[PDB]
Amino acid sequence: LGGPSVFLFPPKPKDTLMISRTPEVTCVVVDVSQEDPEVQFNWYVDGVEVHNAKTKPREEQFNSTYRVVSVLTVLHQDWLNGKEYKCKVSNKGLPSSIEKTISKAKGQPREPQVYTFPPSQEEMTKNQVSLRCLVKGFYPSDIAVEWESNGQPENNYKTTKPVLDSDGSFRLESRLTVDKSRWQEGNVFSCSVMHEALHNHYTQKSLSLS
């Protein structure tokens, strides 16, 4: 309500949960005038100023104003251990600097419980069938759910937003629609869940009479 305004978004859950990826916190300044084109960002991790952020190139919004975005890459462990990320924004149209802070949801982590369901007898009169994955009992709400078969990703799924349950955990459901034939032919499908409360240092390779 009145000035250029700032919003501060956390990383994608998938990015926080795969050590191979690069999670980032994103600081977005909107409603900046052509009069005052330039914006200065200062970034802090638990109050200590850090220097690795990258400002994306500013770009005119169709309502005359500019939108400027700074992204800060965060360390996998730092984010999940609860460090606080602050974005401070400075601008000629803005008599005092504005600051916003973000960090991971606080509270005891709770492990998702995962249940799958094959299509109904009803469901299988159609050319497509839907496979269901119910995921309950998790905290915090940040989660990523995907599907695979035969070591390859299956992307024709829809997943609901986590809904808070009666016990303070979250719940969601994912549905993957495939060709009935693919299901009929005995292909195995996998609902894959990534969540901070799953935590392991394990892989495996399997062998059979082939």
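Numbers follow the displayed sequence, beginning with 1.
**Q** Higher average CA B factor in the deposited record is what I'm after, so tell me if that's 45 to 53 or 62 to 70.
**A** Comparing averages over the C-alpha atoms only gives 62 to 70.
**Q** Which of the two stretches, 162 to 170 or 22 to 30, shows the higher mean Cα temperature factor in the record?
**A** Per the PDB entry, the higher value belongs to 162 to 170.
**Q** Given 131, 80, 134, 94, identify the residue with the highest C-alpha B factor in the PDB entry.
**A** Top of the list by C-alpha B-factor: 94.
**Q** When the CA B-factors of 149, 155, 184, 177 are compared as recorded in the entry, which is the largest?
**A** The record points to 184.
**Q** Relative to the other modelled residues in the chain, which third contains the C-alpha temperature factor of residue 75: lowest, middle or highest?
**A** Lowest third, going by the recorded CA B-factors of the chain.
**Q** Could you look up the Cα B-factor of residue 208 in the entry and say which third of the chain it sits in: lowest, middle or highest?
**A** Middle third of the chain for residue 208's C-alpha B-factor.
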